[PDB]
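Observations on the three-dimensional arrangement
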Amino acid sequence: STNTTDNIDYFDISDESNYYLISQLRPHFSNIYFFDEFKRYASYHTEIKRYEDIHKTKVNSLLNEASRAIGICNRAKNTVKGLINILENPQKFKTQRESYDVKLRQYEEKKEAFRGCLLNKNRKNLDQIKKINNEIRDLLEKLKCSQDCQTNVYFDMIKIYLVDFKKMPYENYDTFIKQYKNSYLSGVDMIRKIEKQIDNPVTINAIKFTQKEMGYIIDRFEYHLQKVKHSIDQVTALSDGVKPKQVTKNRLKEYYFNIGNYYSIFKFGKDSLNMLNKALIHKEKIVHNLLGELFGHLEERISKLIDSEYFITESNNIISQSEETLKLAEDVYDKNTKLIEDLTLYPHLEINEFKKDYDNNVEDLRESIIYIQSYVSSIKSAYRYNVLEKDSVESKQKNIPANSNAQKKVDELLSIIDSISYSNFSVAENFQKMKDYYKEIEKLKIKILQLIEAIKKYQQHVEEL
Amino acid sequence: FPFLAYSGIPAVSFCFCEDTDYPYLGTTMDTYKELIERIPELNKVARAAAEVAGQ
Amino acid sequence: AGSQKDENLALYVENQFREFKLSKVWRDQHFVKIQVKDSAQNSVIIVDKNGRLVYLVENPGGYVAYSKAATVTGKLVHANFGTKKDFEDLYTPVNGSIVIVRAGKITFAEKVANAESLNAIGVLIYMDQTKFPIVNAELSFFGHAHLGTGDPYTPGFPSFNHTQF
Ligand SMILES: *[C@@H]1O[C@H](CO)[C@@H](O)[C@H](O)[C@H]1NC(C)=O
Ligand SMILES: [Ca+2]
């Protein structure tokens, strides 16, 4: 589906003074939008025809110089596009021989190289912009009224600007960047956890680079949205207002220059927000295309961990050996029990002194066997709690929606991997306990064999009485 | 309690406590998952506690 | 307390307090004495009057801090909560014996302090069905038995190196 990025013109740079912002979109300045709005301001005022003459010359010269500089750096845009379409896909990387790190370094150098070539050609047009602004100041101070002028272009064109402000959508962009940014930071939080378990570096380096680019485009979008909201608040804030009918001539000059600047910020911000919305949706689709490759390799890690952690086969080995020991000892007592029964009839008739010891041996026999049954019941009990700890994880794995759109399945698999990690402290202590008990079964096994030996020595002694 | 009794500084401690106490505090089984099966949703509750202390 | 991962969480919290740009961030360290488990294992184990045969109950994972390291034998008496009124209403006298209590209603140290005041020998502490409803019965837990607070081996003065211990 989507594996590449076609548009690059969201990249930009401002000046070192941060006063003028260049865009790679048309017409690269908000001041040109100011020049068109002051052209219609000069369509009002009959006295200033020199502005529309000059304005024709300046849109010609400025647009030609701008698109010229976009040509000279269009070749550098082709190189940077080459490194981007190397870095975004794994499939373009698997044919590539150089490792990832130096390619990332080359991406950095071509990036600031691109911004540097853009600004260094646009400086000579910035000086021309300063010339135009000074010519507009002189050309506006050509006119006549230095006492009361009127301030009908202000009181009308504000209402036209408010119609234009209610035309343009704000809340969908705001809700979009809030929900989207929440999904982005949640994404980076998923990457930091997902890096430790999955073994392949190539795909996760592609995702990490992609989220870096997403971070830059998010930062630009919050910048332009901030400029739009501030310009709307300033124009409507002047429309609240005290509404003076009378201004001085210089006050009229900074007056018109002021609101023309604000509406210029609105127009430039509109087109910038439009393009950045498209770019964020595209890169978001790239990220889902990558995680779609990732989660199939993730599930194998889960299927290894569930068998690996809960010590389940070793615990079944302990239970099998313990039940085998109980069956063995109970078999031996069932073998000797009639010989016990005769050798409880021989004591009470005669000299009881050795038979006191043998009575102690019989009590130790039956009490020992009852102890072994109690130990087996204890081990089986703790094993039951352990199996329950495993089965809750299995039910949590089976209750996932397939049916995830999008990338929430990776979040669910991280949740279940987090669950297997949480069971560790209870599982380890239960298994340690099982080891302790089986040691005590061993001790009672050596003791019970010495008991049956004591029974046989007693048996030959009673034959010797 | 050492801030109140020993040093004489006023002190406050508040809990969203169930009628019976929490079943496992100093415990190996106290994890996140078992907390989130005790309490179904946690973000609004800890939000309420942070609102009280911040206020 | 004092483990490596605790210092990793400490440096994490400190780097967070620097990244929030607070007005001042400072740490403080001092050396205390706590009680930890030994390599040998503590156990509770049934002894018959015959003495030939000895049955083990369990080997607890959890331990009680500031308990006295010793080994004792004796007859056991149930002592429901160790409340002083509860100790007042016993049937069998308590002395020279090992009490068992249920965890609740008071700190562990007041249980051990009260049963020490009636001259018992040892305290065993558990959790029952009714007060603590849980699925697992093999669950083990942790407590401390110091009446009053603070590091006990410096009462009243702080545990720096300026006091020279
Ligand atoms: C303490 O208990 C023992 C029984 O173990 C008993 O012999 C003794 O008389 C008791 N102490 C007093 C002061 O009665
Ligand atoms: Ca102290």
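Attention in this report is confined to the structure presented alongside it. (Residues numbered from 1 in each chain as written, not as in the entry; some residues may be left out. Chains lettered and ligands numbered in written order. Part of a larger assembly, values for the part shown. Heavy atoms only, no water.)

Some remarks on the overall build of chain B
As a reminder of what qualifies: Think of it this way: any DSSP run of H or I at least four residues long counts as a helix, any run of E at least two long counts as a strand, and we number them from the N terminus. Note that the radius of gyration is over C-alpha atoms, with the globule rule given as 2.2 Å times the number of residues to the power 0.38. Residue exposure (1.4 Å probe, protein chains only): buried if accessible area is under 20% of the type maximum, exposed if over 50%, otherwise partly exposed. Note on areas: these come from Shrake-Rupley sampling with a 1.4 Å probe, and a residue is covered only by the protein chains present in the view. A residue counts as positive if it is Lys or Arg and as negative if it is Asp or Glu; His and the chain ends are not included. Where a charge sits is defined by one atom per residue type, namely NZ (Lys), CZ (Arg), CG (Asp) or CD (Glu).
Helix and strand counts for chain B stand at three helices and zero strands. Sequence-ordered secondary structure for chain B, helices as α and strands as β, is α-α-α. In terms of C-alpha radius of gyration, chain B reaches 15 Å, well past the compact-globule figure of 10 Å for 55 residues. Overall size of chain B, expressed as C-alpha extent along the three principal axes, is 40 × 30 × 20 Å. Per-residue burial over chain B gives 13% buried out of 55 residues. Summed over all atoms, the accessible surface of chain B reaches about 4,600 Å², with 61% contributed by carbon and sulfur. Considering chain B, the positive charge centre built from 4 side chains and the negative charge centre built from 8 side chains are found 7 Å apart.

Digging into the state of the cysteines
Structurally, a disulfide amounts to a covalent bond that connects the sulfur atoms of two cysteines. All names here are of chain A. We count it as follows: A pair of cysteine sulfur atoms is labelled a disulfide when the two atoms are within 2.5 Å.
Inspection of the entire model under this criterion finds three disulfides over all chains. Residue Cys-73 pairs covalently with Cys-117 via a disulfide, S to S 2.0 Å. Residue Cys-73 is located in the loop between α2 (50–72) and α3 (74–87), and its partner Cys-117 is located in helix α4 (residues 100–140); the two are separated by 44 residues in the primary sequence. Residue classification places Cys-117 among the buried residues on the basis of a relative accessible area of 16%.

Digging into the interface of chain A and chain C
Quick reminder of the rule: Between two residues, a contact is recorded if the distance between any of their heavy atoms is within 4.5 Å. Buried area is understood as the total, over both parts, of accessible area removed when two parts are fitted together, assessed with a 1.4 Å probe. For this document, the term salt bridge refers to a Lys or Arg side-chain nitrogen within 4 Å of an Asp or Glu carboxyl oxygen. Throughout this description, a polar contact denotes any pair of N or O atoms lying within 3.5 Å of each other; where both atoms belong to protein, one of them has to be capable of donating a hydrogen while the other can accept it, and for residues adjacent in sequence the pair is counted only when both atoms sit in side chains. Residues were grouped as follows: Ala, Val, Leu, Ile, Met, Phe, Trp, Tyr, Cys and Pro as nonpolar; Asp, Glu, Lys and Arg as charged; and all remaining residues, including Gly, as polar.
Each partner contributes residues to the interface: chain A has 17 residues there, and chain C has 14 residues. Between chain A and chain C, the buried area comes to about 1,400 Å², and carbon and sulfur atoms account for 48% of it. Area buried by chain A at its contact with chain C is led by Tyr-371, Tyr-385 and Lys-433 of chain A, which between them contribute 32% of it. Inspection of the chain A/chain C interface yields four salt bridges. Where chain A meets chain C, there are eight residue pairs in polar contact. Across the side of chain A that touches chain C, the residue classes break down as four nonpolar, five polar and eight charged.

Brief notes about the pairing of strand β2 (residues 54–58) of chain C
Regular strands place their side chains on alternate faces of the sheet. Residues and elements named next belong to chain C. Here is the rule: When DSSP finds two or more bridges between a pair of strands, those strands are recorded as paired.
Bridging between strand β1 (residues 44–47) and β2 involves four bridges; their strand directions are antiparallel. Counterpart to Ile-46 in the pairing with β2 is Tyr-55. Counted between consecutive antiparallel strands, the loop separating β1 from β2 contains six residues, among which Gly-51 sits at a positive phi close to 75°.

Some words on the packing of aromatic side chains
What describes a pair of aromatic rings is the distance from one ring centre to the other and the angle between the planes of the rings. Residue and element names in this part refer to chain A. Note the cut-off: In summary, the pairing rule links any two rings of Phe, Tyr or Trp, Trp by its six-membered ring, whose centres are within 6.5 Å, and it sorts them by plane angle into stacked for under 30 degrees, edge-to-face for over 60 and tilted for everything else.
The final tally for this structure, using the stated rule, is 28 aromatic pairs over all chains. An angle of 25° between the planes, with centres 4.7 Å apart, marks the rings of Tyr-10 and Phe-11 as stacked. On the basis of relative accessible area, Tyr-10 is assigned to the buried category, the value being 6%. Accessibility expressed as a relative area gives 4% for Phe-11, which makes it buried. Measuring from ring centre to ring centre gives 5.9 Å for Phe-11 and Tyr-216, while their planes differ by 20°; the resulting arrangement is stacked.

Some words on the interface of chain C and chain B
Between chain C and chain B, the residue contacts involve 11 residues of the former and 10 residues of the latter. Where chain C abuts chain B, roughly 820 Å² becomes buried across the two surfaces, and 63% of that area is made up of carbon and sulfur atoms. The interface formed by chain C and chain B holds one residue pair in polar contact in total. For the side of chain C that touches chain B, the residue count by class is six nonpolar, four polar and one charged.

Describing empty space enclosed by the protein
All names here are of chain A. The following threshold applies: We place a 1 Å grid over just the protein atoms. Points where a 1.4 Å probe fits but has no way out form a cavity, open points with protein on both sides within 12 Å along at least 5 of 7 lines form a pocket, and any residue with an atom within 4 Å of a point lines it. Grid points are joined across faces, edges and corners, and a volume is the space filled by probe spheres set on the points.
Under the definition given, this model contains 10 cavities of 30 Å³ or more. Estimated volume of the largest cavity: approximately 120 Å³. Contributing to the lining of the largest cavity are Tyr-180, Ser-183, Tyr-184, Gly-187, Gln-211, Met-214, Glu-284, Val-287, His-288, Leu-291 and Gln-407. The set of elements that each furnish at least two residues to the lining of the largest cavity consists of α6 (171–194), α7 (202–238) and α8 (249–309). Along the lines of polarity and charge, the residues of the lining of the largest cavity split into five nonpolar, five polar and one charged. Estimated volume of the second largest cavity: approximately 100 Å³. Together, 15 residues line the second largest cavity, and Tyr-10, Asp-12, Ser-23, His-224 and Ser-272 are the ones closest to its centre. Looking at the lining of the second largest cavity, the elements with two or more residues in it are β2 (21–22), α7 and α8.

Here we look at the packing of α7 of chain A against α8 of chain A
All names here are of chain A. Put simply, the test is: Helix axes are fitted only over the stretch in contact, all axes being lines through C-alpha atoms; the angle between N-to-C directions runs from 0 to 180 degrees. Working rule for angles: under 35 degrees goes down as roughly parallel, over 145 as roughly antiparallel, 65 to 115 as roughly perpendicular, anything else as oblique. Helix crossings fall into two classes, left-handed where the near helix is turned counterclockwise from the far one by less than a right angle and right-handed where it is turned clockwise.
With their axes 8 Å apart at the nearest point, α7 and α8 run at an angle of 155° to one another. Judged by the angle between their axes, α7 and α8 are roughly antiparallel. Pair α7 / α8 crosses with left-handed handedness. Along the lines of polarity and charge, the residues of the contact of α7 with α8 split into 26 nonpolar, eight polar and six charged.

Describing the pattern of salt bridges
Pairing is possible between side chains that carry opposite charge, provided their charged atoms lie close to one another. All names here are of chain A. Following the criterion strictly, the structure yields 29 salt bridges over all chains and no others. Residue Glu-47 pairs with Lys-144 through a salt bridge whose shortest N-O separation is 3.2 Å. With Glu-47 in the loop between α1 (31–44) and α2 and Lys-144 in the loop between α4 and α5 (153–167), the pair connects residues that are 97 residues apart, well separated along the chain. On the basis of relative accessibility, which here comes to 68%, the residue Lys-144 falls in the exposed class. Between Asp-189 and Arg-192 there is a salt bridge; the shortest N-O distance is 3.6 Å. With a gap of three residues between them, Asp-189 and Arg-192 both fall in helix α6, about one helical turn apart.

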